Amino acid sequence: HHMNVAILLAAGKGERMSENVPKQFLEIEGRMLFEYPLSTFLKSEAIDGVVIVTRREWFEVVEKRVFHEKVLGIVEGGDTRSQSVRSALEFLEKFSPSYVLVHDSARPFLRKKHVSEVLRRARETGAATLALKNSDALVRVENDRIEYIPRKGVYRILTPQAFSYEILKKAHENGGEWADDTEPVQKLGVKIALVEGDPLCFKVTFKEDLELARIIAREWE
Amino acid sequence: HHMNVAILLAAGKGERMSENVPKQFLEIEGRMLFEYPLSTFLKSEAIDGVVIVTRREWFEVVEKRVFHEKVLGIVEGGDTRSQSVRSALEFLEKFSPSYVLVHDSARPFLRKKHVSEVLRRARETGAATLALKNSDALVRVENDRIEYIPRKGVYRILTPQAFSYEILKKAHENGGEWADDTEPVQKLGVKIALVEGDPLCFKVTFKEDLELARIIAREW
Ligand SMILES: Nc1ccn([C@@H]2O[C@H](COP(=O)(O)OP(=O)(O)OP(=O)(O)O)[C@@H](O)[C@H]2O)c(=O)n1
Ligand SMILES: Nc1ccn([C@@H]2O[C@H](COP(=O)(O)OP(=O)(O)OP(=O)(O)O)[C@@H](O)[C@H]2O)c(=O)n1
Ligand SMILES: [Mg+2]
Ligand SMILES: [Mg+2]
């Protein structure tokens, strides 16, 4: 048996959204954003269990929307994404799960096929993430000039990301803060598998991102 | 001082879609992809004229789907985006527009808001583009080994991109090849106004993009 557990990150504050309420708890088509990806995991046969990571003040709001035997616990997040990840790893330690899938709840439109593909792709290498080839010109702003960044081999890292539990754990053993989990895992000399995603995997990050999420949400269920 | 013309670029081959039909002419909800941005320009009061740049053998396909006076013409593109843009500039010499707005037809879901907002903001420096702040971890591949790009100040550059006519002309007049038109214009020492857009401005570039195009099309 090789238990696969999914970690749903929903402890962030969504400061860049400029709303009262963290983005993951905004309603679209009558459900909170975090519910969309949650039920992809609950309907997914590749997923043996789920951990939802949120801030202490959101535990009840979550508890009252989630009744499913696959949910192993609601777990207190940290002040950062990486700390929220670590908090989940400590909770999962008692279960000794073989593989772990991590996903930003703010990417709500997660497909079944992506979950299973990233997990089997993590079986072979130890580490994998959904990703997307760049399709735009890319730039950096330096003191009122824009640098045009070279584009060959550039990819947006999405989530889900999936790892053998021991690898991801080993990578967080000494703390650290990163945007994602492939970065710390790679520091161990582990190759990161890229798995073709699509633009539905975008992260609701800014106020403008809501128009699009409502549009997909209308079609979803 | 005024006329604004949108240059709608539709002369690409879309070779990364791995179709046999360029993505601009793919049928979504009974309409070809170029029809969508086209109608935004047509329905838009900020736009006095439209030039459509396409490949010679697709001319009649484009003509057939033109139902409006506002379309000034159909120009034959070139083998690169830059060359296709230059093709249109030449055609427009006779129209003497004040500002030109250039837009990738493979970015189908353009809004009114952006067409006018991009043009307003092009007036201050003579150059502006729709842009989108990065919101993903970003990486570069280097032979079965990836590298993490620093994210500070990183934007995805979109279209529409609008310029004063004269300036764009000056940026292209010695030829050249670039992914967009802000880069050559900046080389002339012009500051580029970034205009905040949204993810609906994505460009249908890969096969995996079509589903999302279909979802949004159902709502137009
Ligand atoms: N302490 C944190 C911070 C981040 N996240 C999660 O990490 C994911 C991706 O991060 P991001 O989009 O940046 O979320 P926020 O931190 O909430 O957004 P912002 O930077 O605008 O505050 C989100 O699902 C978010 O809830 C988390 O679980 N715990
Ligand atoms: N010779 C060319 C090539 C590009 N474009 C236009 O530039 C826009 C954006 O470029 P891109 O996505 O790269 O289009 P393609 O070149 O067709 O795609 P590919 O790189 O796969 O061939 C498209 O709307 C395309 O029609 C153009 O008009 N003339
Ligand atoms: Mg954040
Ligand atoms: Mg191209």
# chains A, B, ... in the order shown; residues from 1 in each chain; ligands from 1
>>> residues_around(residues="residue 174 of chain A", least_positions_apart="4", cutoff="12 Å", atoms="only C-alpha atoms", output="MDAnalysis selection string")
chainID A and resid 82:83 86 168:170 184
>>> select_by_dssp(residues="segment 118-177 of chain A", states="strand (DSSP E or B)", output="PDB file with N, CA, C and O atoms, in the first residue's frame")
ATOM      1  N   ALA A 127       9.389  13.535  -7.149  1.00  0.00           N
ATOM      2  CA  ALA A 127       9.021  14.926  -7.165  1.00  0.00           C
ATOM      3  C   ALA A 127       8.491  15.342  -8.542  1.00  0.00           C
ATOM      4  O   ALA A 127       9.093  15.038  -9.579  1.00  0.00           O
ATOM      5  N   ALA A 128       7.372  16.065  -8.537  1.00  0.00           N
ATOM      6  CA  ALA A 128       6.748  16.525  -9.769  1.00  0.00           C
ATOM      7  C   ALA A 128       5.809  17.678  -9.509  1.00  0.00           C
ATOM      8  O   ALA A 128       5.273  17.846  -8.413  1.00  0.00           O
ATOM      9  N   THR A 129       5.606  18.481 -10.536  1.00  0.00           N
ATOM     10  CA  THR A 129       4.679  19.581 -10.433  1.00  0.00           C
ATOM     11  C   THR A 129       4.040  19.845 -11.764  1.00  0.00           C
ATOM     12  O   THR A 129       4.661  19.691 -12.820  1.00  0.00           O
ATOM     13  N   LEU A 130       2.787  20.258 -11.686  1.00  0.00           N
ATOM     14  CA  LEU A 130       2.086  20.722 -12.847  1.00  0.00           C
ATOM     15  C   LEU A 130       2.753  22.046 -13.220  1.00  0.00           C
ATOM     16  O   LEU A 130       3.246  22.790 -12.358  1.00  0.00           O
ATOM     17  N   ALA A 131       2.818  22.309 -14.513  1.00  0.00           N
ATOM     18  CA  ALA A 131       3.536  23.470 -15.033  1.00  0.00           C
ATOM     19  C   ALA A 131       2.984  23.837 -16.406  1.00  0.00           C
ATOM     20  O   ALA A 131       2.294  23.024 -17.047  1.00  0.00           O
ATOM     21  N   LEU A 132       3.296  25.052 -16.849  1.00  0.00           N
ATOM     22  CA  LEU A 132       2.760  25.611 -18.082  1.00  0.00           C
ATOM     23  C   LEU A 132       3.847  26.376 -18.808  1.00  0.00           C
ATOM     24  O   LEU A 132       4.520  27.209 -18.200  1.00  0.00           O
ATOM     25  N   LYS A 133       4.051  26.052 -20.088  1.00  0.00           N
ATOM     26  CA  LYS A 133       4.961  26.798 -20.955  1.00  0.00           C
ATOM     27  C   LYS A 133       4.518  28.249 -21.017  1.00  0.00           C
ATOM     28  O   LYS A 133       3.340  28.546 -21.152  1.00  0.00           O
ATOM     29  N   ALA A 137       5.490  37.449 -24.093  1.00  0.00           N
ATOM     30  CA  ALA A 137       6.730  38.151 -23.856  1.00  0.00           C
ATOM     31  C   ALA A 137       6.862  38.405 -22.349  1.00  0.00           C
ATOM     32  O   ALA A 137       5.876  38.644 -21.659  1.00  0.00           O
ATOM     33  N   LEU A 138       8.072  38.321 -21.822  1.00  0.00           N
ATOM     34  CA  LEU A 138       8.277  38.439 -20.380  1.00  0.00           C
ATOM     35  C   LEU A 138       9.264  39.542 -20.081  1.00  0.00           C
ATOM     36  O   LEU A 138      10.288  39.647 -20.770  1.00  0.00           O
ATOM     37  N   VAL A 139       8.955  40.348 -19.057  1.00  0.00           N
ATOM     38  CA  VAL A 139       9.794  41.480 -18.670  1.00  0.00           C
ATOM     39  C   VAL A 139       9.931  41.686 -17.190  1.00  0.00           C
ATOM     40  O   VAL A 139       9.089  41.273 -16.405  1.00  0.00           O
ATOM     41  N   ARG A 140      10.985  42.408 -16.839  1.00  0.00           N
ATOM     42  CA  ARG A 140      11.250  42.831 -15.469  1.00  0.00           C
ATOM     43  C   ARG A 140      11.386  44.331 -15.491  1.00  0.00           C
ATOM     44  O   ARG A 140      12.011  44.866 -16.404  1.00  0.00           O
ATOM     45  N   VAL A 141      10.840  45.009 -14.488  1.00  0.00           N
ATOM     46  CA  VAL A 141      10.972  46.460 -14.405  1.00  0.00           C
ATOM     47  C   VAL A 141      12.147  46.816 -13.497  1.00  0.00           C
ATOM     48  O   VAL A 141      12.167  46.401 -12.347  1.00  0.00           O
ATOM     49  N   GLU A 142      13.119  47.566 -14.029  1.00  0.00           N
ATOM     50  CA  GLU A 142      14.221  48.140 -13.233  1.00  0.00           C
ATOM     51  C   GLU A 142      14.242  49.656 -13.425  1.00  0.00           C
ATOM     52  O   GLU A 142      14.323  50.136 -14.559  1.00  0.00           O
ATOM     53  N   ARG A 145      12.791  51.367 -16.522  1.00  0.00           N
ATOM     54  CA  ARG A 145      13.076  50.731 -17.806  1.00  0.00           C
ATOM     55  C   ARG A 145      12.589  49.306 -17.640  1.00  0.00           C
ATOM     56  O   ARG A 145      12.556  48.798 -16.519  1.00  0.00           O
ATOM     57  N   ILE A 146      12.174  48.673 -18.735  1.00  0.00           N
ATOM     58  CA  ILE A 146      11.756  47.274 -18.700  1.00  0.00           C
ATOM     59  C   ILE A 146      12.774  46.374 -19.418  1.00  0.00           C
ATOM     60  O   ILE A 146      13.094  46.592 -20.580  1.00  0.00           O
ATOM     61  N   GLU A 147      13.281  45.372 -18.700  1.00  0.00           N
ATOM     62  CA  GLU A 147      14.157  44.346 -19.256  1.00  0.00           C
ATOM     63  C   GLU A 147      13.322  43.229 -19.851  1.00  0.00           C
ATOM     64  O   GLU A 147      12.433  42.686 -19.200  1.00  0.00           O
ATOM     65  N   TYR A 148      13.651  42.874 -21.084  1.00  0.00           N
ATOM     66  CA  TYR A 148      12.984  41.812 -21.806  1.00  0.00           C
ATOM     67  C   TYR A 148      13.702  40.504 -21.526  1.00  0.00           C
ATOM     68  O   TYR A 148      14.816  40.285 -21.978  1.00  0.00           O
ATOM     69  N   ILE A 149      13.042  39.643 -20.759  1.00  0.00           N
ATOM     70  CA  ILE A 149      13.640  38.407 -20.275  1.00  0.00           C
ATOM     71  C   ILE A 149      13.663  37.359 -21.375  1.00  0.00           C
ATOM     72  O   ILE A 149      12.671  37.200 -22.095  1.00  0.00           O
ATOM     73  N   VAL A 154      11.123  28.597 -20.547  1.00  0.00           N
ATOM     74  CA  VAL A 154      10.490  29.198 -19.379  1.00  0.00           C
ATOM     75  C   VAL A 154       9.119  28.568 -19.134  1.00  0.00           C
ATOM     76  O   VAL A 154       8.350  28.331 -20.070  1.00  0.00           O
ATOM     77  N   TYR A 155       8.835  28.302 -17.860  1.00  0.00           N
ATOM     78  CA  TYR A 155       7.609  27.639 -17.444  1.00  0.00           C
ATOM     79  C   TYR A 155       7.054  28.317 -16.214  1.00  0.00           C
ATOM     80  O   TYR A 155       7.817  28.656 -15.309  1.00  0.00           O
ATOM     81  N   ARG A 156       5.733  28.474 -16.151  1.00  0.00           N
ATOM     82  CA  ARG A 156       5.070  28.866 -14.906  1.00  0.00           C
ATOM     83  C   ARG A 156       4.899  27.614 -14.086  1.00  0.00           C
ATOM     84  O   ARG A 156       4.367  26.641 -14.585  1.00  0.00           O
ATOM     85  N   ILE A 157       5.357  27.611 -12.843  1.00  0.00           N
ATOM     86  CA  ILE A 157       5.072  26.501 -11.953  1.00  0.00           C
ATOM     87  C   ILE A 157       3.658  26.650 -11.349  1.00  0.00           C
ATOM     88  O   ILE A 157       3.372  27.596 -10.624  1.00  0.00           O
ATOM     89  N   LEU A 158       2.796  25.684 -11.646  1.00  0.00           N
ATOM     90  CA  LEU A 158       1.464  25.600 -11.047  1.00  0.00           C
ATOM     91  C   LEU A 158       1.512  24.672  -9.840  1.00  0.00           C
ATOM     92  O   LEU A 158       2.595  24.231  -9.441  1.00  0.00           O
ATOM     93  N   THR A 159       0.350  24.416  -9.234  1.00  0.00           N
ATOM     94  CA  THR A 159       0.148  23.246  -8.366  1.00  0.00           C
ATOM     95  C   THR A 159      -1.047  22.548  -8.995  1.00  0.00           C
ATOM     96  O   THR A 159      -1.792  23.198  -9.725  1.00  0.00           O
ATOM     97  N   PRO A 160      -1.268  21.248  -8.711  1.00  0.00           N
ATOM     98  CA  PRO A 160      -0.643  20.362  -7.744  1.00  0.00           C
ATOM     99  C   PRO A 160       0.840  20.160  -7.946  1.00  0.00           C
ATOM    100  O   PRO A 160       1.330  20.158  -9.081  1.00  0.00           O
ATOM    101  N   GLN A 161       1.546  20.018  -6.831  1.00  0.00           N
ATOM    102  CA  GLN A 161       2.890  19.449  -6.826  1.00  0.00           C
ATOM    103  C   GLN A 161       2.805  18.210  -5.949  1.00  0.00           C
ATOM    104  O   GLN A 161       2.015  18.182  -5.004  1.00  0.00           O
ATOM    105  N   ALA A 162       3.582  17.183  -6.272  1.00  0.00           N
ATOM    106  CA  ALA A 162       3.524  15.933  -5.507  1.00  0.00           C
ATOM    107  C   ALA A 162       4.912  15.367  -5.257  1.00  0.00           C
ATOM    108  O   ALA A 162       5.790  15.461  -6.115  1.00  0.00           O
ATOM    109  N   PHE A 163       5.092  14.786  -4.074  1.00  0.00           N
ATOM    110  CA  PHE A 163       6.372  14.244  -3.660  1.00  0.00           C
ATOM    111  C   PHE A 163       6.184  12.974  -2.832  1.00  0.00           C
ATOM    112  O   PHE A 163       5.151  12.788  -2.191  1.00  0.00           O
ATOM    113  N   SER A 164       7.190  12.111  -2.831  1.00  0.00           N
ATOM    114  CA  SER A 164       7.333  11.171  -1.738  1.00  0.00           C
ATOM    115  C   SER A 164       7.483  11.985  -0.433  1.00  0.00           C
ATOM    116  O   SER A 164       8.206  12.994  -0.381  1.00  0.00           O
TER     117      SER A 164
END
>>> residues_around(residues="residue 91 of chain A", least_positions_apart="6", cutoff="12 Å", atoms="only C-alpha atoms", output="list in words")
residues 5, 7, 50, 51, 52, 53, 72, 73, 74, 75, 76, 77, 84, 85, 97 and 169 of chain A
>>> write_last_selection(atoms="C-alpha atoms", output="mmCIF file, in the first residue's frame")
data_model
loop_
_atom_site.group_PDB
_atom_site.id
_atom_site.type_symbol
_atom_site.label_atom_id
_atom_site.label_comp_id
_atom_site.auth_asym_id
_atom_site.auth_seq_id
_atom_site.Cartn_x
_atom_site.Cartn_y
_atom_site.Cartn_z
ATOM 1 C CA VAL A 5 -2.460 12.286 0.848
ATOM 2 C CA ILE A 7 -2.743 18.953 1.291
ATOM 3 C CA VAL A 50 -7.032 15.091 2.646
ATOM 4 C CA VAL A 51 -5.650 17.671 5.045
ATOM 5 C CA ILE A 52 -7.048 21.199 4.900
ATOM 6 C CA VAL A 53 -4.694 23.863 6.196
ATOM 7 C CA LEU A 72 -8.147 13.504 8.005
ATOM 8 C CA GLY A 73 -8.052 16.883 9.719
ATOM 9 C CA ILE A 74 -8.228 20.639 9.541
ATOM 10 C CA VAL A 75 -4.784 21.866 10.476
ATOM 11 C CA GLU A 76 -3.537 25.252 11.588
ATOM 12 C CA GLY A 77 -1.508 27.052 8.926
ATOM 13 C CA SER A 84 1.681 25.960 6.269
ATOM 14 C CA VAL A 85 3.197 23.057 4.340
ATOM 15 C CA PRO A 97 2.008 8.325 4.043
ATOM 16 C CA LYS A 169 9.941 16.297 4.752
#
>>> select_by_dssp(residues="segment 2-209 of chain B", states="helix (DSSP H, G or I)", output="mmCIF file with N, CA and C atoms, in the first residue's frame")
data_model
loop_
_atom_site.group_PDB
_atom_site.id
_atom_site.type_symbol
_atom_site.label_atom_id
_atom_site.label_comp_id
_atom_site.auth_asym_id
_atom_site.auth_seq_id
_atom_site.Cartn_x
_atom_site.Cartn_y
_atom_site.Cartn_z
ATOM 1 N N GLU B 15 2.008 27.117 -35.330
ATOM 2 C CA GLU B 15 2.641 25.805 -35.460
ATOM 3 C C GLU B 15 2.739 25.015 -34.170
ATOM 4 N N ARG B 16 2.646 25.701 -33.033
ATOM 5 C CA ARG B 16 2.679 25.071 -31.705
ATOM 6 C C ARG B 16 1.324 24.512 -31.222
ATOM 7 N N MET B 17 0.253 24.764 -31.979
ATOM 8 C CA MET B 17 -1.064 24.169 -31.698
ATOM 9 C C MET B 17 -1.145 22.745 -32.204
ATOM 10 N N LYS B 23 -4.559 28.748 -35.545
ATOM 11 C CA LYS B 23 -5.476 28.934 -34.435
ATOM 12 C C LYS B 23 -6.434 30.086 -34.613
ATOM 13 N N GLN B 24 -6.003 31.148 -35.308
ATOM 14 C CA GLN B 24 -6.872 32.320 -35.537
ATOM 15 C C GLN B 24 -8.137 31.971 -36.319
ATOM 16 N N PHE B 25 -8.093 30.912 -37.117
ATOM 17 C CA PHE B 25 -9.257 30.484 -37.866
ATOM 18 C C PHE B 25 -9.947 29.254 -37.285
ATOM 19 N N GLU B 35 -12.750 36.515 -34.983
ATOM 20 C CA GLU B 35 -14.027 37.216 -34.963
ATOM 21 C C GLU B 35 -14.300 37.877 -33.608
ATOM 22 N N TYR B 36 -13.862 37.233 -32.535
ATOM 23 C CA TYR B 36 -14.104 37.741 -31.190
ATOM 24 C C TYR B 36 -13.463 39.102 -30.929
ATOM 25 N N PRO B 37 -12.129 39.226 -31.071
ATOM 26 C CA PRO B 37 -11.532 40.546 -30.850
ATOM 27 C C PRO B 37 -12.019 41.546 -31.871
ATOM 28 N N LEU B 38 -12.217 41.085 -33.091
ATOM 29 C CA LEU B 38 -12.710 41.957 -34.140
ATOM 30 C C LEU B 38 -13.985 42.700 -33.705
ATOM 31 N N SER B 39 -14.951 41.960 -33.167
ATOM 32 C CA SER B 39 -16.236 42.549 -32.750
ATOM 33 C C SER B 39 -16.090 43.552 -31.600
ATOM 34 N N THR B 40 -15.136 43.311 -30.706
ATOM 35 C CA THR B 40 -14.805 44.290 -29.677
ATOM 36 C C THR B 40 -14.357 45.618 -30.295
ATOM 37 N N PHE B 41 -13.454 45.555 -31.264
ATOM 38 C CA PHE B 41 -13.007 46.761 -31.954
ATOM 39 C C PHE B 41 -14.177 47.410 -32.679
ATOM 40 N N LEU B 42 -14.980 46.592 -33.359
ATOM 41 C CA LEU B 42 -16.108 47.119 -34.122
ATOM 42 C C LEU B 42 -17.108 47.788 -33.186
ATOM 43 N N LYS B 43 -17.545 47.083 -32.148
ATOM 44 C CA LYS B 43 -18.466 47.658 -31.162
ATOM 45 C C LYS B 43 -17.848 48.790 -30.317
ATOM 46 N N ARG B 56 -2.134 35.436 -47.396
ATOM 47 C CA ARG B 56 -2.789 35.455 -48.708
ATOM 48 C C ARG B 56 -3.891 34.415 -48.944
ATOM 49 N N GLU B 57 -3.648 33.162 -48.577
ATOM 50 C CA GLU B 57 -4.617 32.102 -48.900
ATOM 51 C C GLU B 57 -5.843 32.089 -47.993
ATOM 52 N N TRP B 58 -5.761 32.800 -46.881
ATOM 53 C CA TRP B 58 -6.911 32.956 -46.009
ATOM 54 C C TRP B 58 -7.707 34.258 -46.233
ATOM 55 N N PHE B 59 -7.379 35.029 -47.285
ATOM 56 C CA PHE B 59 -8.035 36.327 -47.528
ATOM 57 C C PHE B 59 -9.563 36.216 -47.576
ATOM 58 N N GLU B 60 -10.074 35.325 -48.419
ATOM 59 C CA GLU B 60 -11.510 35.220 -48.664
ATOM 60 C C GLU B 60 -12.258 34.725 -47.431
ATOM 61 N N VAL B 61 -11.576 33.946 -46.596
ATOM 62 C CA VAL B 61 -12.163 33.470 -45.346
ATOM 63 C C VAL B 61 -12.420 34.643 -44.407
ATOM 64 N N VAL B 62 -11.522 35.626 -44.450
ATOM 65 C CA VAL B 62 -11.622 36.818 -43.620
ATOM 66 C C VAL B 62 -12.680 37.772 -44.189
ATOM 67 N N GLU B 63 -12.606 38.029 -45.497
ATOM 68 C CA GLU B 63 -13.610 38.839 -46.195
ATOM 69 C C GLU B 63 -15.029 38.376 -45.890
ATOM 70 N N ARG B 81 5.913 38.043 -36.895
ATOM 71 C CA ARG B 81 5.017 38.984 -36.308
ATOM 72 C C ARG B 81 5.466 40.401 -36.641
ATOM 73 N N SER B 82 6.762 40.699 -36.480
ATOM 74 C CA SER B 82 7.303 42.047 -36.764
ATOM 75 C C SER B 82 7.026 42.478 -38.207
ATOM 76 N N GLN B 83 7.286 41.570 -39.145
ATOM 77 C CA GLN B 83 7.007 41.808 -40.555
ATOM 78 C C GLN B 83 5.533 42.007 -40.836
ATOM 79 N N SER B 84 4.683 41.305 -40.100
ATOM 80 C CA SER B 84 3.249 41.451 -40.308
ATOM 81 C C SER B 84 2.795 42.838 -39.851
ATOM 82 N N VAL B 85 3.353 43.280 -38.720
ATOM 83 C CA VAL B 85 3.079 44.616 -38.202
ATOM 84 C C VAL B 85 3.526 45.670 -39.216
ATOM 85 N N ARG B 86 4.739 45.539 -39.763
ATOM 86 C CA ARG B 86 5.234 46.497 -40.781
ATOM 87 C C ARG B 86 4.327 46.561 -42.013
ATOM 88 N N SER B 87 3.876 45.400 -42.493
ATOM 89 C CA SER B 87 2.905 45.347 -43.585
ATOM 90 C C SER B 87 1.755 46.307 -43.368
ATOM 91 N N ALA B 88 1.248 46.358 -42.142
ATOM 92 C CA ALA B 88 0.053 47.132 -41.838
ATOM 93 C C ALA B 88 0.367 48.624 -41.789
ATOM 94 N N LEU B 89 1.536 48.943 -41.232
ATOM 95 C CA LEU B 89 2.005 50.320 -41.163
ATOM 96 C C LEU B 89 2.000 50.917 -42.564
ATOM 97 N N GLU B 90 2.496 50.154 -43.541
ATOM 98 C CA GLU B 90 2.597 50.648 -44.919
ATOM 99 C C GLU B 90 1.204 50.964 -45.463
ATOM 100 N N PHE B 91 0.299 50.002 -45.356
ATOM 101 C CA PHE B 91 -1.098 50.223 -45.712
ATOM 102 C C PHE B 91 -1.679 51.485 -45.050
ATOM 103 N N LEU B 92 -1.395 51.697 -43.770
ATOM 104 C CA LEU B 92 -1.949 52.831 -43.011
ATOM 105 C C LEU B 92 -1.298 54.224 -43.275
ATOM 106 N N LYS B 112 -13.802 45.961 -24.134
ATOM 107 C CA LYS B 112 -13.864 47.407 -24.359
ATOM 108 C C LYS B 112 -12.925 48.177 -23.415
ATOM 109 N N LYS B 113 -13.043 47.889 -22.119
ATOM 110 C CA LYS B 113 -12.301 48.599 -21.086
ATOM 111 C C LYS B 113 -10.849 48.743 -21.499
ATOM 112 N N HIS B 114 -10.232 47.630 -21.868
ATOM 113 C CA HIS B 114 -8.806 47.605 -22.209
ATOM 114 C C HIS B 114 -8.460 48.358 -23.486
ATOM 115 N N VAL B 115 -9.299 48.243 -24.505
ATOM 116 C CA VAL B 115 -9.062 48.959 -25.750
ATOM 117 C C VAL B 115 -9.010 50.473 -25.547
ATOM 118 N N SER B 116 -9.942 51.012 -24.768
ATOM 119 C CA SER B 116 -9.904 52.440 -24.462
ATOM 120 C C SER B 116 -8.854 52.784 -23.403
ATOM 121 N N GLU B 117 -8.637 51.910 -22.423
ATOM 122 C CA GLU B 117 -7.688 52.231 -21.349
ATOM 123 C C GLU B 117 -6.262 52.225 -21.878
ATOM 124 N N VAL B 118 -5.977 51.301 -22.789
ATOM 125 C CA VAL B 118 -4.649 51.206 -23.404
ATOM 126 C C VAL B 118 -4.370 52.410 -24.297
ATOM 127 N N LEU B 119 -5.392 52.890 -24.997
ATOM 128 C CA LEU B 119 -5.232 54.047 -25.869
ATOM 129 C C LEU B 119 -5.060 55.348 -25.070
ATOM 130 N N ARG B 120 -5.867 55.523 -24.023
ATOM 131 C CA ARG B 120 -5.746 56.702 -23.157
ATOM 132 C C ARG B 120 -4.321 56.780 -22.643
ATOM 133 N N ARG B 121 -3.817 55.666 -22.120
ATOM 134 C CA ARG B 121 -2.496 55.626 -21.494
ATOM 135 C C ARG B 121 -1.318 55.633 -22.474
ATOM 136 N N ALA B 122 -1.576 55.360 -23.736
ATOM 137 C CA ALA B 122 -0.531 55.489 -24.741
ATOM 138 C C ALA B 122 -0.240 56.963 -25.046
ATOM 139 N N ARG B 123 -1.196 57.855 -24.761
ATOM 140 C CA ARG B 123 -1.064 59.292 -25.108
ATOM 141 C C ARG B 123 0.005 60.044 -24.316
ATOM 142 N N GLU B 124 0.339 59.572 -23.114
ATOM 143 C CA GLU B 124 1.283 60.293 -22.238
ATOM 144 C C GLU B 124 2.747 60.115 -22.664
ATOM 145 N N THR B 125 3.142 58.890 -23.005
ATOM 146 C CA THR B 125 4.510 58.606 -23.467
ATOM 147 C C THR B 125 4.574 58.280 -24.972
ATOM 148 N N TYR B 165 1.299 56.551 -33.986
ATOM 149 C CA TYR B 165 1.718 56.037 -35.273
ATOM 150 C C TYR B 165 3.211 56.334 -35.539
ATOM 151 N N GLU B 166 3.560 57.619 -35.648
ATOM 152 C CA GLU B 166 4.934 58.066 -35.965
ATOM 153 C C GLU B 166 6.036 57.298 -35.222
ATOM 154 N N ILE B 167 5.830 57.093 -33.916
ATOM 155 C CA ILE B 167 6.791 56.404 -33.052
ATOM 156 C C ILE B 167 6.999 54.946 -33.452
ATOM 157 N N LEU B 168 5.905 54.240 -33.682
ATOM 158 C CA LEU B 168 6.008 52.837 -34.062
ATOM 159 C C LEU B 168 6.783 52.715 -35.366
ATOM 160 N N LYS B 169 6.346 53.492 -36.362
ATOM 161 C CA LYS B 169 7.075 53.676 -37.620
ATOM 162 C C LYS B 169 8.573 53.853 -37.363
ATOM 163 N N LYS B 170 8.934 54.778 -36.478
ATOM 164 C CA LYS B 170 10.348 55.028 -36.212
ATOM 165 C C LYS B 170 11.032 53.784 -35.632
ATOM 166 N N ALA B 171 10.304 53.003 -34.845
ATOM 167 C CA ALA B 171 10.897 51.818 -34.229
ATOM 168 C C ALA B 171 11.160 50.714 -35.247
ATOM 169 N N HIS B 172 10.384 50.694 -36.325
ATOM 170 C CA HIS B 172 10.484 49.617 -37.301
ATOM 171 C C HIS B 172 11.277 49.983 -38.550
ATOM 172 N N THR B 182 6.630 46.704 -28.033
ATOM 173 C CA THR B 182 7.159 47.606 -27.007
ATOM 174 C C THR B 182 8.682 47.569 -26.985
ATOM 175 N N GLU B 183 9.266 46.401 -27.197
ATOM 176 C CA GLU B 183 10.721 46.260 -27.152
ATOM 177 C C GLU B 183 11.475 47.111 -28.172
ATOM 178 N N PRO B 184 11.056 47.089 -29.441
ATOM 179 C CA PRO B 184 11.761 47.932 -30.406
ATOM 180 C C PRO B 184 11.564 49.422 -30.141
ATOM 181 N N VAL B 185 10.372 49.769 -29.665
ATOM 182 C CA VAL B 185 10.021 51.145 -29.344
ATOM 183 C C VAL B 185 10.848 51.637 -28.160
ATOM 184 N N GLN B 186 11.029 50.785 -27.145
ATOM 185 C CA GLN B 186 11.857 51.167 -26.000
ATOM 186 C C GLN B 186 13.313 51.454 -26.373
ATOM 187 N N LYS B 187 13.838 50.739 -27.369
ATOM 188 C CA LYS B 187 15.203 50.981 -27.848
ATOM 189 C C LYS B 187 15.386 52.418 -28.335
ATOM 190 N N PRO B 199 -6.571 37.893 -16.739
ATOM 191 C CA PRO B 199 -6.237 36.610 -17.350
ATOM 192 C C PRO B 199 -7.060 36.238 -18.565
ATOM 193 N N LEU B 200 -8.220 36.874 -18.764
ATOM 194 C CA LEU B 200 -8.996 36.701 -20.004
ATOM 195 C C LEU B 200 -8.224 37.091 -21.274
ATOM 196 N N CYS B 201 -7.123 37.816 -21.100
ATOM 197 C CA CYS B 201 -6.282 38.251 -22.228
ATOM 198 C C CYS B 201 -5.253 37.252 -22.699
ATOM 199 N N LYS B 207 -2.530 23.455 -27.731
ATOM 200 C CA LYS B 207 -3.757 22.669 -27.805
ATOM 201 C C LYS B 207 -4.555 22.734 -26.498
ATOM 202 N N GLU B 208 -3.841 22.703 -25.377
ATOM 203 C CA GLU B 208 -4.449 22.682 -24.048
ATOM 204 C C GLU B 208 -5.216 23.978 -23.740
ATOM 205 N N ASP B 209 -5.004 25.008 -24.552
ATOM 206 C CA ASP B 209 -5.669 26.289 -24.366
ATOM 207 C C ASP B 209 -7.108 26.310 -24.847
#
>>> closest_residue(among="B:139, B:26, B:217, B:11", to="residue 77 of chain B", atoms="only C-alpha atoms")
B:11
>>> closest_atom_pairs(of="chain B", to="ligand 3", cutoff="12 Å", atoms="only C-alpha atoms and all ligand atoms", output="Markdown table")
| residue | atom | partner | partner_atom_place_in_ligand_line | distance |
| --- | --- | --- | --- | --- |
| B:135 | CA | ligand 3 | 1 (Mg) | 9.1 |
| B:136 | CA | ligand 3 | 1 (Mg) | 10.1 |
| B:137 | CA | ligand 3 | 1 (Mg) | 10.9 |
>>> residues_near_ligand(ligand="ligand 4", cutoff="8 Å", atoms="only C-alpha atoms and all ligand atoms", output="number ranges by chain")
B: 12-15, 80-81, 179
>>> closest_residue(among="A:14, A:44, A:9, A:57", to="chain B", atoms="only C-alpha atoms")
A:14
>>> residues_near_ligand(ligand="ligand 1", cutoff="9 Å", atoms="only C-alpha atoms and all ligand atoms", output="MDAnalysis selection string")
(chainID A and resid 8:18 22:24 34 52:55 77:85 103:108 179:180 203:206) or (chainID B and resid 135:136)
